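Participant: Let me give you the structure first, and then I'll get to my questions.
We did not get these values from a lab; they are worked out from the coordinates using the rules stated. Here the Cβ positions follow ideal geometry from the backbone for every residue, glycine too, while neighbour counts run over all protein chains shown.
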Amino acid sequence: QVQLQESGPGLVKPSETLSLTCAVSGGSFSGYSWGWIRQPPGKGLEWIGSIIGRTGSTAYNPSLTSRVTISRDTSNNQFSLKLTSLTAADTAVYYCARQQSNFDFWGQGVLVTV
Amino acid sequence: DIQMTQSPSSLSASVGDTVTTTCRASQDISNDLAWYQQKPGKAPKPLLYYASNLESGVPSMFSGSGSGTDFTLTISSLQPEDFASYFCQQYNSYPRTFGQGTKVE
Amino acid sequence: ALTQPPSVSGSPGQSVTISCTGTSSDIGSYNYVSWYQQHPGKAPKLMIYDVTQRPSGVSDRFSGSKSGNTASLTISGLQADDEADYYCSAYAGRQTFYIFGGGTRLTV
Amino acid sequence: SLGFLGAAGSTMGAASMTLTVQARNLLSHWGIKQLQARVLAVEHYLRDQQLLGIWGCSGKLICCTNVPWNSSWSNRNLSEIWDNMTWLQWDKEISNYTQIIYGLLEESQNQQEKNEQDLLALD
Amino acid sequence: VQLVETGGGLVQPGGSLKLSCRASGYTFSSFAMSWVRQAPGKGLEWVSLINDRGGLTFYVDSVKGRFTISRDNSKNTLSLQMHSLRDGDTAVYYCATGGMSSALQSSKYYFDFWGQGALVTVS
Amino acid sequence: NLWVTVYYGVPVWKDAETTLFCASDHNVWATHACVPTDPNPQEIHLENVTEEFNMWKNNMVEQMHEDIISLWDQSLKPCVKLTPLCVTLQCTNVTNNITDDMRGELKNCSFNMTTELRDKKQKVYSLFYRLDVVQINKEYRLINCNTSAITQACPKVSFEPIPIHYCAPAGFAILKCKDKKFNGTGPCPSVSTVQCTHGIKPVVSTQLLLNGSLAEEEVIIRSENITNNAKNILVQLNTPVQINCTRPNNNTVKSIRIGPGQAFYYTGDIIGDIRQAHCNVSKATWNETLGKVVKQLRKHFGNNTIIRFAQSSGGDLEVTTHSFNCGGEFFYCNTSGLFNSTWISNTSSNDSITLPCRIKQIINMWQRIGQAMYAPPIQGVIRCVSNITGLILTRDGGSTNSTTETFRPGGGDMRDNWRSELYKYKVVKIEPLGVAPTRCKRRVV
Ligand SMILES: *[C@@H]1O[C@H](CO)[C@@H](O[C@@H]2O[C@H](CO)[C@@H](O[C@@H]3O[C@H](CO[C@H]4O[C@H](CO)[C@@H](O)[C@H](O)[C@@H]4O)[C@@H](O)[C@H](O[C@H]4O[C@H](CO)[C@@H](O)[C@H](O)[C@@H]4O)[C@@H]3O)[C@H](O)[C@H]2NC(C)=O)[C@H](O)[C@H]1NC(C)=O
Ligand SMILES: *[C@@H]1O[C@H](CO)[C@@H](O[C@@H]2O[C@H](CO)[C@@H](O)[C@H](O)[C@H]2NC(C)=O)[C@H](O)[C@H]1NC(C)=O
Ligand SMILES: *[C@@H]1O[C@H](CO)[C@@H](O[C@@H]2O[C@H](CO)[C@@H](O)[C@H](O)[C@H]2NC(C)=O)[C@H](O)[C@H]1NC(C)=O
Ligand SMILES: *[C@@H]1O[C@H](CO)[C@@H](O[C@@H]2O[C@H](CO)[C@@H](O)[C@H](O)[C@H]2NC(C)=O)[C@H](O)[C@H]1NC(C)=O
Ligand SMILES: *[C@@H]1O[C@H](CO)[C@@H](O[C@@H]2O[C@H](CO)[C@@H](O)[C@H](O)[C@H]2NC(C)=O)[C@H](O)[C@H]1NC(C)=O
Ligand SMILES: *[C@@H]1O[C@H](CO)[C@@H](O[C@@H]2O[C@H](CO)[C@@H](O)[C@H](O)[C@H]2NC(C)=O)[C@H](O)[C@H]1NC(C)=O
Ligand SMILES: *[C@@H]1O[C@H](CO)[C@@H](O[C@@H]2O[C@H](CO)[C@@H](O)[C@H](O)[C@H]2NC(C)=O)[C@H](O)[C@H]1NC(C)=O
Ligand SMILES: *[C@@H]1O[C@H](CO)[C@@H](O[C@@H]2O[C@H](CO)[C@@H](O)[C@H](O)[C@H]2NC(C)=O)[C@H](O)[C@H]1NC(C)=O
Ligand SMILES: *[C@@H]1O[C@H](CO)[C@@H](O[C@@H]2O[C@H](CO)[C@@H](O)[C@H](O)[C@H]2NC(C)=O)[C@H](O)[C@H]1NC(C)=O
Ligand SMILES: *[C@@H]1O[C@H](CO)[C@@H](O)[C@H](O)[C@H]1NC(C)=O
Ligand SMILES: *[C@@H]1O[C@H](CO)[C@@H](O)[C@H](O)[C@H]1NC(C)=O
Ligand SMILES: *[C@@H]1O[C@H](CO)[C@@H](O)[C@H](O)[C@H]1NC(C)=O
Ligand SMILES: *[C@@H]1O[C@H](CO)[C@@H](O)[C@H](O)[C@H]1NC(C)=O
Ligand SMILES: *[C@@H]1O[C@H](CO)[C@@H](O)[C@H](O)[C@H]1NC(C)=O
Ligand SMILES: *[C@@H]1O[C@H](CO)[C@@H](O)[C@H](O)[C@H]1NC(C)=O
Ligand SMILES: *[C@@H]1O[C@H](CO)[C@@H](O)[C@H](O)[C@H]1NC(C)=O
Ligand SMILES: *[C@@H]1O[C@H](CO)[C@@H](O)[C@H](O)[C@H]1NC(C)=O
Ligand SMILES: *[C@@H]1O[C@H](CO)[C@@H](O)[C@H](O)[C@H]1NC(C)=O
Ligand SMILES: *[C@@H]1O[C@H](CO)[C@@H](O)[C@H](O)[C@H]1NC(C)=O
Ligand SMILES: *[C@@H]1O[C@H](CO)[C@@H](O)[C@H](O)[C@H]1NC(C)=O
Ligand SMILES: *[C@@H]1O[C@H](CO)[C@@H](O)[C@H](O)[C@H]1NC(C)=O
């Protein structure tokens, strides 16, 4: 019974860097991929990117790669999303999720407006 | 990138009835398609790992199938609680493209 | 230089043929005889290349052909704007690369 | 600067700029197993060099010949061959004609040598 | 596609002038280039040709002992250095694309894109 | 119009089978033959090259198999041939301070052995494990007496695996598949060229593959043909599972001279109490590991089937039991405690699973008959810690109307262990000469 908590702040609208740090409990990182999924209001889901727990290697959605960093620290059982140059289109619910082929665990996505 | 779409945007449905939908991909996916159920305000609930395999806690009401580019989702009967949207996800490549569709009303 | 008759003209709506004459080594040996046109005050424009080829942007009223040591450009459907000077040019070989002919001033 | 086979996958007209990269890596009990591998590498090297010799390309990485290209080997224009294909793709496309082309190259060189020998005897 | 010419104007006989041509809207390095000149009362005359790489140059006999053609692909620039200018060299000089192509390209024995030229006067 | 132009140094290749040589940075895995390795490897990424690999048709596997066996045999060439030992033995049970599991496991034997001089004999008393001794009722013989001569492994030569790098000869290259989730038998969109492989440790085991590489994202299921129940399935884990093995008894090793400069090593006695050898895995890690394996199996065996794990069905101890070398000792551990479960889609401390182990001194390797090795006893107490990196599974046959599939541990064919490290490598031959049309004509005179 894995639980995920996004812990995101509200942000400055015209320009800032988004930072969401997701806490993980009820399991660990070495056997799984971790990542972020976004859902703008009125829209379906899109993947932002992910990180491999054991190695720290990442992959990102080609559309925003120049603006996105994903990193992790297993010491605190946390991983986080960093997005630069936020501008309107970046308003969305940001979800934390655990991947094992499928996305098995989801958190309570946080609405962050821009 | 692999694009995919769902067939209906929505379905009209009775509670006491069987409803089905589909998901179609532009590229071959070797059964690596997952399905989810989403209620407003909440993260999607995983239903299926592979088109034919249920996750834990998911009732037998849900089933699915498909290979290659052509996939389906079946709900044998609905509870009022099943009137939700559905998503399909491919995990055969990195743009983890989701489809969008089938709100059931 | 290649021989190219001066002052070849015709009425609007008619066709005109502007010939070019070289030698066996210039025209007789190679199928590379291009045609250019020049409005006064402007750099020349390519109208025909190789012998019968036409670049994009040039209408089909312009067409060339060759026989023996001569070549020609014909213009059908002469328009009000077809009053450019015309020149023939050919690839002569490795020792001499290009030879231009004299000009023809077309009028309508 | 790419390493060995770095240009594989690039177009033919790009890959041709790295011919020395690949050329220099050619030629660079249980002892018997190792010697057999070394001897074999030498034999293969020498056989390629022998063909270049026979065809009159002995000192070159790029060699022009007098054998016309047949449209039946590949009815494809230069833009497609040099800009939209890799050498691996090309090799598959014409693998069926390899021995025809090689036979023609040998015959052409033999004729050329006889002609040179006679011109040098003109006095 | 544009070809823009700048350069010197009037010189006295025996002096020197240089011309430059900048160009854009195409890959500069994919094409060979040429200078063509037109005396004020005459037709066109070919003067010089340079390949795409910049290593091969050709000239009309009349200028072999006095003109140099060169290019620098990194700046998309073609240039012509003229020494020992004669009165007979008065002309509008033009830069143009074409007149030659590499062995891996389609033949291009014509000029297509022309700049508008520059007037060189020797008096 | 166009002419043939000949080019040399063209970056193309063909699949090929050639002889590879070893390289490395006493031990059985002698590095005496191997070429010292380069300070560093190079790897060339090949952009836009998609290539097809087949791990089940890979001659690098066969060469490694031949080389490993060859090194094994070479290491025994200068060692003592224990032929004087194939005599009638007089044996009784060890009953002194034995626990409940160690019942009849050790026998105390006495025999008339040769010595340095041919006219002399000596009486020797030694302990043997039951598995090495066969009854002829106190009269016994060693198990190898009716099939082979046995050679004592040299006491100073280590059995610890040393990474071996395989290297291609000039004119050849090794292509490496960098794709994650690559199961073999496919196109691989991301490849690179290397001259030498990574170092591969020749770890020898059955059922559970120890100290290999790990998957980075997901557990990978690989097989020649997944629907053919006669084939083995190799499973690569994305996390290690740690296993702690021990031989708890404190042995005293004695030796005798049996000939002119030759000596035999044997267990003299046991200092403390006599306990059974065993291996531990944690329950939590093992249970998580199987859940991951099962989820991946469901890709090939879908429609919510029941996945069951069961014990090996039968055969020689080597196949039914988990065989490995622990500090020079040869263990045969019972894995019935690891493969005893049923999984369905409806599912969910220092507690651990202890696997009892048996020990043998007479070893018959590589499935050969006619050769045998005697493993000298090791003085003291043995402990080793290994990482489980993969599994070998087989599947039961049956009707097609079944809703349940059963998997059991497999192994015994060493080539399948090798395949788990060499699956990403392919050997190709470079073919530098080729032709293409150009506009260049040779000058004619
Ligand atoms: C999977 O991988 C693991 C990790 O590599 C393997 O486990 C290792 O196995 C080796 C071989 O048995 C162990 O090495 C031995 O360690 C003994 C204790 O050493 C202590 O003191 C030295 C002082 O120099 C310290 O450096 C060291 O850290 C310890 O504190 C030594 O006494 C042994 O040497 C004796 O035996 C060898 C022959 O084997 C002789 O050549 C020597 O001369 C000497 O008589 C030896 O060095 C190592 O400790 C193990 N590591 C761990 C973590 O347990 C697994 O075996 C491998 N699994 C499989 C199946 O292969
Ligand atoms: C692999 O293929 C890609 C195209 O899919 C090549 O990308 C080109 O790179 C050059 C760099 O100078 C750019 O100018 C081109 O515009 C790129 N092409 C496209 C379509 O975007 C890449 O170079 C190839 N790799 C190798 C080794 O050849
Ligand atoms: C193995 O057998 C030997 C001999 O049978 C045992 O050694 C004897 O031990 C008894 C004590 O129980 C002494 O009285 C004898 O004199 C010993 N004989 C010799 C010459 O060794 C030995 O203890 C046995 N070991 C085990 C573990 O069974
Ligand atoms: C060597 O001796 C062994 C032990 O007696 C023989 O192995 C037995 O073979 C019978 C065959 O019916 C089996 O039922 C037993 O279970 C085997 N016992 C063991 C311990 O394996 C072996 O066959 C003999 N070898 C030769 C060549 O005669
Ligand atoms: C490993 O991956 C390959 C590539 O996706 C799989 O190969 C396909 O297998 C199906 C069924 O036989 C064929 O219809 C396809 O044509 C194959 N694809 C290609 C590119 O050849 C292979 O089956 C996978 N192996 C396992 C055990 O899952
Ligand atoms: C994998 O193995 C299965 C089982 O042997 C092969 O399936 C058989 O194919 C033959 C020939 O078409 C049929 O006559 C049998 O009835 C099939 N048996 C079953 C149980 O389906 C299968 O073809 C093999 N896969 C590949 C790629 O060769
Ligand atoms: C495997 O686990 C068992 C526990 O289940 C360990 O045995 C215990 O060891 C301690 C000393 O460290 C003793 O005090 C306990 O009485 C033992 N318990 C039992 C049930 O025997 C055992 O040492 C572990 N083995 C390895 C190799 O780690
Ligand atoms: C194998 O043995 C190691 C010790 O060599 C065990 O690791 C210890 O675990 C305890 C309990 O969590 C810790 O207090 C120690 O600090 C650990 N020691 C070290 C060096 O890390 C390991 O858990 C054992 N594993 C199994 C399966 O028995
Ligand atoms: C490994 O240990 C298990 C468990 O002790 C042994 O399992 C027994 O197998 C027989 C024959 O199939 C059954 O009749 C018994 O009921 C099983 N035991 C239990 C507790 O269920 C297994 O035989 C041992 N295998 C080896 C190679 O030693
Ligand atoms: C899981 O348990 C529920 C209990 O209410 C049951 O309805 C459902 O059918 C079970 N699912 C499966 C796949 O057995
Ligand atoms: C091309 O091949 C055909 C035979 O298929 C032959 O008749 C023809 O002469 C060849 N042409 C050239 C240019 O080699
Ligand atoms: C080469 O052939 C293709 C296919 O007919 C055509 O599209 C392309 O324009 C041709 N190339 C040239 C330079 O004509
Ligand atoms: C080359 O020969 C094979 C038969 O061995 C044939 O199938 C293939 O089509 C041929 N290739 C070409 C380009 O004709
Ligand atoms: C050894 O143990 C076995 C157990 O089956 C028993 O039958 C045998 O009699 C014992 N032998 C001795 C010498 O104690
Ligand atoms: C050694 O040989 C003698 C010969 O008389 C025999 O009685 C004795 O039993 C033998 N000892 C052993 C341990 O076999
Ligand atoms: C087991 O995995 C850990 C992961 O941190 C690694 O440090 C250790 O060296 C591995 N052990 C072996 C024998 O490979
Ligand atoms: C065996 O048990 C006896 C009786 O308890 C004891 O005196 C003796 O020391 C024990 N031997 C060993 C090796 O523990
Ligand atoms: C999947 O299971 C259902 C029962 O829930 C059964 O009716 C169906 O035929 C099965 N499908 C396949 C392909 O076996
Ligand atoms: C397998 O599990 C059952 C149920 O807990 C148990 O009774 C049985 O003894 C186990 N088998 C083994 C070999 O441990
Ligand atoms: C192992 O997993 C099963 C899954 O159904 C669970 O019921 C059981 O409690 C787990 N055991 C341990 C020791 O984690
Ligand atoms: C075995 O017993 C001897 C008695 O002299 C002791 O020195 C040695 O340390 C013991 N071995 C172990 C592993 O405790």
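Participant: For the residue pair B:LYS42 and D:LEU122, what label-to-label distance in nm results when each label sits 7 Å from Cα along the Cα-to-beta-carbon direction?
Facilitator: Computed distance between label sites B:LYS42 and D:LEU122 equals 9.7 nm.
Participant: What does the convex hull of the Cα atoms come to per residue for the range F:1-154, in Å³?
Facilitator: Given the Cα convex hull of the range F:1-154, per-residue volume reads 296 Å³.
Participant: Along the charge dipole of the range E:41-123, pointing to its positive end and built from +1/-1 on Cβ of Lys, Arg, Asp and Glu, which listed residue (E:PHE113, E:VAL60, E:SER70) has its Cα farthest out?
Facilitator: Result: E:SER70, furthest along the dipole toward the positive end.
Participant: Can you figure out the FRET efficiency of E:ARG66 with D:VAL42, using R₀ = 56 Å and their beta-carbon distance, to the nearest 0.05?
Facilitator: Efficiency, rounded to the nearest 0.05: 0.50.
Participant: If you don't mind, another one. Give me the net charge of D:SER10's neighbourhood, meaning all other residues with Cβ under 13 Å from the Cβ of D:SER10; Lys, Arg count +1, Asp, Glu -1.
Facilitator: It works out to a net charge of -2.
Participant: Rg/Rh for the range E:2-122 to two decimals, with Rh computed the Kirkwood way over all alpha-carbon pairs.
Facilitator: The Rg/Rh ratio comes out at 0.95.
Participant: Normalise the Cα radius of gyration of the range F:188-242 by 2.2 N^0.38 Å (N = residues in it) and let me know the number.
Facilitator: Taking N as the residue count of the range F:188-242, the ratio is 1.37.
Participant: For the range B:51-71 and the range F:367-445, what is the centre-to-centre distance using only Cα atoms, to the nearest Å?
Facilitator: Answer, in whole Å: 34.
Participant: Taking the range C:16-105, how much of its Cα-Cα pair set, in percent, is spaced more than 17 angstrom apart?
Facilitator: The calculated P(r) of the range C:16-105 puts 44 percent of pairs beyond 17 Å.
Participant: Okay, moving on. Quick check: net charge around F:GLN367, other residues with Cβ under 13 Å of its Cβ, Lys/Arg +1 and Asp/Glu -1?
Facilitator: -2
Participant: Something else about it: Over the whole of E:26-36, what's the average partner chain Cβ count within 10 Å per residue? Rounded to a whole number, please.
Facilitator: 1
Participant: Of B:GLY57, B:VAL19, B:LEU73, whose Cα points farthest to the positive end of the dipole of chain B (charges on the beta-carbon: +1 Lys, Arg; -1 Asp, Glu; origin at the Cα centre)?
Facilitator: Result: B:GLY57.
Participant: Rounded to the nearest 500 deg cm²/dmol, what is the calculated helix-only ellipticity per residue at 222 nm for the protein assembly as shown, with -39500 (n - 2.57) per DSSP H run of length n ≥ 4?
Facilitator: -3000 deg cm²/dmol
Participant: Take every residue in peptide A:95-102, count the Cβ atoms of other chains within 10 Å of its Cβ, and give the average of those counts.
Facilitator: Mean partner-chain Cβ count within 10 Å for A:95-102: 6.
Participant: Give me F:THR252, E:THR121 sorted ascending by neighbouring Cβ count inside 10 Å, so fewest comes first.
Facilitator: In increasing order of surrounding Cβ atoms, one gets F:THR252, E:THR121.
Participant: Here's something else I'd like to know. P(r) for the range F:186-315: what percent of alpha-carbon pairs falls in each 10 Å bin, starting at zero?
Facilitator: Each 10 Å bin holds this share of Cα pairs: 8, 24, 27, 19, 13, 8, 1, 0.
Participant: Oh, and also: How far is the Cα center of the range F:126-165 from the Cα center of the range F:71-94, in Å?
Facilitator: 6
Participant: Does the range F:1-78 classify as rounded, prolate or oblate by the C-alpha gyration tensor (a ≥ b ≥ c root eigenvalues; a/c under 1.5 gives rounded; else a/b over b/c gives prolate, otherwise oblate)?
Facilitator: prolate
Participant: If you place +1 on the Cβ of every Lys and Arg, -1 on the Cβ of every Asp and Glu, and leave all else neutral, what size is the dipole of the range A:3-112 about its Cα centre, to the nearest 20 Debye?
Facilitator: 100
Participant: Another question, if that's okay. Provide, in order from the shortest bin, the percent of all Cα-Cα pairs of the range D:1-122 in each 5 Å bin, continuing until the bin that contains the maximum pair distance.
Facilitator: That works out to 2, 8, 13, 16, 20, 16, 11, 7, 4, 2, 1, 0, 0, in percent per bin.
Participant: If you don't mind, another one. Percentage of Cα-Cα pair distances in the range F:291-445 greater than 23 Å, rounded to whole percent?
Facilitator: Across the range F:291-445, Cα pairs with separations above 23 Å total 59 percent.
Participant: According to the Kirkwood expression over distinct Cα-Cα pairs, how big is the hydrodynamic radius of the protein assembly as shown, in Å?
Facilitator: 36.3
Participant: Might you report the magnitude of the Cβ-based charge dipole of the range C:1-101 about its Cα centre, with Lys and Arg at +1 and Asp and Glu at -1, to the nearest 20 debye?
Facilitator: Dipole of the range C:1-101, to the nearest 20 debye: 200 debye.
Participant: Follow-up question, since we're still on this one. Let me check I have the definition right: for the range B:4-104, take the eigenvalues of the Cα gyration tensor, multiply each by 5, take square roots. What are those semi-axes in whole Å, largest first?
Facilitator: Over the Cα atoms of the range B:4-104, the semi-axes work out to 21, 14, 13 Å.
Participant: How large are Rg and Dmax for chain F when only the alpha carbon atoms are used, in Å?
Facilitator: Taking only Cα atoms of chain F, I get Rg and Dmax of 26.6, 103 Å.
Participant: Using alpha carbon coordinates only, what is the Rg to Rh ratio of the range F:76-232, with Rh defined as the Kirkwood radius?
Facilitator: Rg/Rh for the range F:76-232 comes to 1.16.
Participant: For every other residue with a beta carbon closer than 13 angstrom to the beta carbon of A:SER85, add +1 if it is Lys or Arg and -1 if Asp or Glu, then tell me the sum.
Facilitator: Counting the neighbours of A:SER85, the net charge comes to +1.
Participant: For the protein assembly as shown, with the dipole built from +1 on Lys and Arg beta-carbon atoms and -1 on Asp and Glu ones, taken about the Cα centre, which of C:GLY102, A:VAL12, F:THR335 lies farthest toward the positive end?
Facilitator: F:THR335
Participant: Also, quick follow-up: Which order do the peptides F:369-380, F:408-419, D:88-99 come out in when sorted by mean C-beta neighbours inside 10 angstrom, highest first?
Facilitator: F:408-419, F:369-380, D:88-99
Participant: With only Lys, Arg, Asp and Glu charged, each at its Cβ (+1 for the first two, -1 for the last two), find how big the charge dipole of the protein assembly as shown is about the Cα centre; round to the nearest 20 debye.
Facilitator: It comes to approximately 1680 debye.
Participant: With a ≥ b ≥ c the root eigenvalues of the C-alpha gyration tensor of the range F:247-288, is it rounded (a/c under 1.5), prolate (a/b larger than b/c) or oblate?
Facilitator: Note, shape of the range F:247-288 comes out oblate.
Participant: Whole-Å semi-axes of the range A:3-112's equivalent ellipsoid, largest first, each the root of 5 times a Cα gyration tensor eigenvalue?
Facilitator: Working through the eigenvalues yields semi-axes of 22, 14, 13 Å.
Participant: I need E:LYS42, F:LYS424 ordered by Cβ neighbour count within 10 Å, fewest first.
Facilitator: E:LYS42, F:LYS424
Participant: Would you please calculate the Kirkwood hydrodynamic radius of the range B:63-105 over all C-alpha pairs and express it in Å, rounded to one decimal?
Facilitator: 12.1
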